[PDB]
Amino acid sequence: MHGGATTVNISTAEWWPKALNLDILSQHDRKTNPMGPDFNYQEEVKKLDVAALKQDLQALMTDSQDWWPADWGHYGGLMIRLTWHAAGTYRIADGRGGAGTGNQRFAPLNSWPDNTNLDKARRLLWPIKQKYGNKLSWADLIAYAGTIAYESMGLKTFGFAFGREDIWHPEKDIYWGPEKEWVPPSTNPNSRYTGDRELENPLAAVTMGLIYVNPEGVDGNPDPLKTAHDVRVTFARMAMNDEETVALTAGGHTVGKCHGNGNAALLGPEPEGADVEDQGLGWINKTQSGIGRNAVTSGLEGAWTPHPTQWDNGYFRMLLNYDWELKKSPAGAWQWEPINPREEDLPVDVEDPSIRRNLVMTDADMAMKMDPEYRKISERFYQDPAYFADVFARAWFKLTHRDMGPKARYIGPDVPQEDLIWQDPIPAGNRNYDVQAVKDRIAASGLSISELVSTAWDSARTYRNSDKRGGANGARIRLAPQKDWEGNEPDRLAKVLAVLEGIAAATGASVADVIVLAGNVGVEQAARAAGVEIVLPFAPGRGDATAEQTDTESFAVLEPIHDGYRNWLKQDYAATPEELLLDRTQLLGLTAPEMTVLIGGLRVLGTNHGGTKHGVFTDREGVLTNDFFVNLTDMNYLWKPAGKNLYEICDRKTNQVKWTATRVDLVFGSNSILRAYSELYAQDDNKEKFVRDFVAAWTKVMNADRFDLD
């Protein structure tokens, strides 16, 4: 027998399941990235022959492959379902999920029950990926496929942007929910539901391994009105309102079908569970024909429209004009079928068009008819189909781009020139100003180091790499709702902004550029106070966004209700402060060593929310030294718990309290990885490395949102 920890279960994880998952900070690194260190996907994708790609992708739609034949000779429905599921994992609370990384090709998502047979759809796109190569990411390809499908089936799509860079392993940072089985009912142990069927907060799906809701009803029990409530809830958590939700649902089901003509128990394991002979595919039926008319996917069986290969007004025509009742598909799934349909409305067999099959609606489709608010939108869409096609095209674009970040990241010839509000638009800022002059005015203000640093931190800290929202570009901190957020210390913030707005007015640098420049100046002073002279790198050009281009409600999810870096917690939460710091740090894109130096430096700069002294382990606040680490690692002190999220650092000999500290401070001296970092920075020889690393991490955070730069 061999001594390799060679399968995934063998681990430290079993022994101390509560430990911080620091691995989420060291993802997507060089040893996993198979590309050269100078590869730049954005510059490559700019060279892609898009017109040629569009042509090949359109041709693929009607180029049936015999190992997974196209329904009616057209892969369009499959491809739209692929792209909808790719995008459909997004959620607004943390920005995680979405189509922006091509994550559907990796675990767990490649093997979710809701993604059954999308393994074949991905595989069908391989010859195109093979052809266009490094200039076409799987992520962009997967995001594009359904858009091209809509074009080929007769819908005028609103546009498309390239620019999604591929990843090479699962996104380990994404918590998909608490369950340890696929699609368990909402009364299971480990439920994602609390209280009065309230869906726990980051989550945007009703159960583990579904995209949004259960097509058969809540917990598998048909009831259109309860299904509607779940639809409304899950879709809102994916940034969509009633109109967008009805449009998306109807528009999706205007094409394609449900596959459930066989026995679902005969499908082989999902892809991560299948053995090598299945070619990275899953759900393979080796007992009977599992393809064409015998395909089984969701278990429901039928098409929503008479002509599932084309964009039309079939969906509301069927739904609204027929009356419907519950039936069981051949695989045993609940579905709705129409009472007394006409022959001529029956969709035909996917292999032989001389045979007629059946129409179907899911519980979510029936919701669009029975929920009184959806019913109104549905009737509008049936009576005004041009409006329907417009709203649908726009919502489909939003769906597939909502995690792409600012328009500065978008590439390609079909990028819409409109600025949509959900792109959080920001104009280009003037770059032709004297930086030094601005710095001199900042220094000559009487704003302290702590005011300066806290304000620039608070402006940048909202950035999240999950969907590329937030950050210092735009100076949205000066606008509603940010300017009144409790974590942002609105009085201190109003005080600093009054000054810095004056400076911006006077110099023609944006308020955004000045906020950042000012934090640089506070850091610079703090270093100078330690006898270190440095100038921090600085890139001008940030714009100031307007209130008109700032969706107030959509910014709610970026509010800092916790920020370990300023020892801030708005309330007492169930998660530990240090887990919350890890989460925020992962969204900022920071590594564990970065996280560590930032904490130590921010602490000694005197930047804690409320001017608290927790973790301020220095006799010289305002001076950028490694004191935090020196003192944290000093065994002349013992640490005594002193209530909620608080500790006394006491002298072992005198039994006097020297400092206080929170769990955010003390984890850097407790966790064995973080203390190893703390010890490195507390070494006699690493005072200058500490400053230099602090600076580099500061700068990283100030520039996180600068996609406008090249």
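The numbering used is simple: start at 1 and walk along the sequence shown.
Trainee: Using only the Cα atoms and their B-factors as the entry lists them, report which of 80 to 88 and 258 to 266 averages higher.
Mentor: Higher mean C-alpha B-factor: 258 to 266.
Trainee: Mean CA temperature factor from the deposited coordinates, higher in 100 to 108 or in 564 to 572?
Mentor: Higher mean C-alpha B-factor in the PDB entry: 564 to 572.
Trainee: Which is it among 298, 130, 288, 462: the one with the largest CA B-factor in the entry?
Mentor: Reading the PDB entry, the winner on C-alpha B-factor is 288.
Trainee: Highest Cα temperature factor in the entry, among the options 550, 279, 117, 378: which one is it?
Mentor: Checking the PDB record, the top C-alpha B-factor among 550, 279, 117, 378 is at 550.
Trainee: Quick check for you: using the entry's CA B-factors within this chain, is residue 371 in the lowest, middle or highest third?
Mentor: It belongs to the middle third of the chain when residues are ordered by C-alpha B-factor.
Trainee: Which third, lowest, middle or highest, does the C-alpha temperature factor of residue 24 belong to within its own chain?
Mentor: Lowest third - that is where residue 24 ends up once the chain's C-alpha B-factors are sorted.
Trainee: Compared with the other modelled residues in the chain, in which third is the CA B-factor of residue 643?
Mentor: Highest third of the chain for residue 643's C-alpha B-factor.
Trainee: Lowest, middle or highest third of the chain for the C-alpha temperature factor of residue 636?
Mentor: Ranked within chain, residue 636 CA B lands in the middle tercile.
Trainee: Can you work out whether the C-alpha temperature factor of residue 251 puts it in the lowest, middle or highest third of the chain?
Mentor: Its C-alpha B-factor, which the entry lists for residue 251, ranks in the lowest third among residues of this chain.
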